[PDB]
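Asks: Contents are PDB, C-alpha atoms and all ligand atoms; file name work.pdb:
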```
ATOM      1  CA  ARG I   1      -8.361   9.407   1.727  1.00  0.00           C
ATOM      2  CA  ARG I   2      -7.932   8.043  -1.822  1.00  0.00           C
ATOM      3  CA  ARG I   3      -7.268   4.949  -3.942  1.00  0.00           C
ATOM      4  CA  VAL I   4      -3.871   3.962  -5.297  1.00  0.00           C
ATOM      5  CA  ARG I   5      -2.754   1.067  -7.483  1.00  0.00           C
ATOM      6  CA  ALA I   6       0.437  -1.009  -7.116  1.00  0.00           C
ATOM      7  CA  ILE I   7       2.771  -0.560 -10.152  1.00  0.00           C
ATOM      8  CA  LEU I   8       5.158  -3.271  -8.808  1.00  0.00           C
ATOM      9  CA  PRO I   9       4.818  -6.391  -6.585  1.00  0.00           C
ATOM     10  CA  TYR I  10       6.260  -6.346  -3.059  1.00  0.00           C
ATOM     11  CA  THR I  11       7.061  -8.929  -0.359  1.00  0.00           C
ATOM     12  CA  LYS I  12       6.763  -7.526   3.184  1.00  0.00           C
ATOM     13  CA  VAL I  13       9.771  -7.456   5.554  1.00  0.00           C
ATOM     14  CA  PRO I  14       9.127 -10.201   8.218  1.00  0.00           C
ATOM     15  CA  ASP I  15       7.914  -9.052  11.705  1.00  0.00           C
ATOM     16  CA  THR I  16       6.823  -5.582  10.528  1.00  0.00           C
ATOM     17  CA  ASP I  17       3.475  -3.842   9.853  1.00  0.00           C
ATOM     18  CA  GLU I  18       4.285  -3.947   6.112  1.00  0.00           C
ATOM     19  CA  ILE I  19       1.962  -5.891   3.819  1.00  0.00           C
ATOM     20  CA  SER I  20       2.787  -7.859   0.664  1.00  0.00           C
ATOM     21  CA  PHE I  21       1.101  -7.084  -2.636  1.00  0.00           C
ATOM     22  CA  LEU I  22       1.039  -7.741  -6.391  1.00  0.00           C
ATOM     23  CA  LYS I  23       1.169  -5.301  -9.353  1.00  0.00           C
ATOM     24  CA  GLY I  24      -2.378  -4.071 -10.065  1.00  0.00           C
ATOM     25  CA  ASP I  25      -3.525  -4.350  -6.422  1.00  0.00           C
ATOM     26  CA  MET I  26      -5.818  -1.490  -5.427  1.00  0.00           C
ATOM     27  CA  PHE I  27      -5.552   0.180  -2.013  1.00  0.00           C
ATOM     28  CA  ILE I  28      -7.477   2.640   0.136  1.00  0.00           C
ATOM     29  CA  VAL I  29      -4.932   5.152   1.537  1.00  0.00           C
ATOM     30  CA  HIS I  30      -6.104   5.998   5.023  1.00  0.00           C
ATOM     31  CA  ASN I  31      -3.114   8.145   6.063  1.00  0.00           C
ATOM     32  CA  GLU I  32       0.331   9.056   4.759  1.00  0.00           C
ATOM     33  CA  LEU I  33       3.474  10.525   6.330  1.00  0.00           C
ATOM     34  CA  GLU I  34       5.857  13.089   4.629  1.00  0.00           C
ATOM     35  CA  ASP I  35       8.524  10.408   4.125  1.00  0.00           C
ATOM     36  CA  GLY I  36       6.211   8.312   1.881  1.00  0.00           C
ATOM     37  CA  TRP I  37       4.910   5.725   4.372  1.00  0.00           C
ATOM     38  CA  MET I  38       1.189   4.957   3.888  1.00  0.00           C
ATOM     39  CA  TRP I  39      -1.279   3.085   6.085  1.00  0.00           C
ATOM     40  CA  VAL I  40      -3.528   1.304   3.603  1.00  0.00           C
ATOM     41  CA  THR I  41      -6.104  -1.406   3.044  1.00  0.00           C
ATOM     42  CA  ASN I  42      -5.287  -3.809   0.195  1.00  0.00           C
ATOM     43  CA  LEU I  43      -8.696  -4.215  -1.517  1.00  0.00           C
ATOM     44  CA  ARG I  44      -7.820  -7.672  -2.992  1.00  0.00           C
ATOM     45  CA  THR I  45      -6.530  -9.267   0.274  1.00  0.00           C
ATOM     46  CA  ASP I  46      -8.431  -7.010   2.805  1.00  0.00           C
ATOM     47  CA  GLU I  47      -5.128  -6.690   4.701  1.00  0.00           C
ATOM     48  CA  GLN I  48      -4.125  -3.458   6.417  1.00  0.00           C
ATOM     49  CA  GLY I  49      -0.598  -2.242   6.830  1.00  0.00           C
ATOM     50  CA  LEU I  50       2.364  -0.199   5.693  1.00  0.00           C
ATOM     51  CA  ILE I  51       3.354   0.448   2.076  1.00  0.00           C
ATOM     52  CA  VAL I  52       5.776   2.962   0.449  1.00  0.00           C
ATOM     53  CA  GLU I  53       4.192   5.398  -2.034  1.00  0.00           C
ATOM     54  CA  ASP I  54       6.894   4.942  -4.736  1.00  0.00           C
ATOM     55  CA  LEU I  55       5.433   1.415  -5.499  1.00  0.00           C
ATOM     56  CA  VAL I  56       1.967   2.906  -6.313  1.00  0.00           C
ATOM     57  CA  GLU I  57       0.197   5.391  -8.679  1.00  0.00           C
ATOM     58  CA  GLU I  58      -2.784   7.808  -8.133  1.00  0.00           C
ATOM     59  CA  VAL I  59      -6.117   6.347  -9.281  1.00  0.00           C
ATOM     60  CA  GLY I  60      -8.006   8.540 -11.757  1.00  0.00           C
TER      61      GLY I  60
HETATM   62 CL    CL X   1       5.513 -11.176   9.494  1.00  0.00          CL
END
```
If you convert what's in this file into structure tokens, what do you get?
Replies:
Amino acid sequence: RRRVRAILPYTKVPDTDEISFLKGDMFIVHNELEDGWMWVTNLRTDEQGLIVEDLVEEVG
């Protein structure tokens, strides 16, 4: 469980558990699979869903 920040914007694929986001959006990473899929909470929108880890950076 950690925070990550979007380094790019993203528009979700319709009728999926993906969420949209903007560059700079902060997320709580609840869980992550080996293939890069994360279940997160977007802290700006309070939406939960799927994101790919290559669109985010570790928060230090
Ligand atoms: Cl949708």
Asks: One decimal, in Å: what's the spacing between CA of residue 30 (chain I) and CA of residue 46 (chain I)?
Replies: 13.4 Å
Asks: For residue 51 (chain I), work out the shell of residues within 8 Å, counting only C-alpha atoms and skipping chain neighbours fewer than 2 positions away, then give it as a list in words.
Replies: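 Returned residues: residues 18, 19, 37, 38, 39, 40, 49, 53 and 55 of chain I.
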Asks: Quick one: of I:43, I:56, I:50, I:7, who's nearest to residue 23 (chain I), counting only C-alpha atoms?
Replies: I:7
Asks: Would you mind listing the residues within 6 Å of ligand CL 1 (chain X), counting all atoms listed in the file, as a list in words?
Replies: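 Checked against 6 Å with all atoms listed in the file; the hits are residues 14, 15 and 16 of chain I.
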Asks: How far is it from CA of residue 26 (chain I) to CA of residue 12 (chain I), in Å with one decimal?
Replies: 16.4 Å
Asks: Between I:44, I:52, I:27, I:34, which has the minimum distance to residue 11 (chain I) (counting only C-alpha atoms)?
Replies: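 Of all the options, I:52 lies closest to residue 11 (chain I).
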Asks: For residue 48 (chain I), which residue out of I:29, I:36, I:1, I:22 is the nearest one, using only C-alpha atoms?
Replies: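 For residue 48 (chain I), the nearest of the given residues is I:29.
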Asks: Pick out the closest residue to residue 35 (chain I) from this set: I:13, I:5, I:54, I:60. Count all atoms listed in the file.
Replies: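 Of the candidates, the smallest distance to residue 35 (chain I) is held by I:54.
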Asks: Between CA of residue 20 (chain I) and CA of residue 4 (chain I), what is the distance, to one decimal in Å?
Replies: 14.8 Å
Asks: So which one's closest to residue 21 (chain I), I:59, I:41, I:3, I:9? Using only C-alpha atoms, please.
Replies: I:9
Asks: Here is a test: counting all atoms listed in the file, which residue of I:42, I:17, I:47, I:58 is nearest to residue 2 (chain I)?
Replies: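 Once distances to residue 2 (chain I) are computed over all atoms listed in the file, the minimum belongs to I:58.
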Asks: For region 27-31 of chain I, what centre and edge lengths in Å (one decimal) does the axis-aligned box get once 6 Å is added on each side of all its listed atoms, as JSON?
Replies:
```
{"center_x": -5.3, "center_y": 4.2, "center_z": 2.0, "size_x": 16.4, "size_y": 20.0, "size_z": 20.1}
```
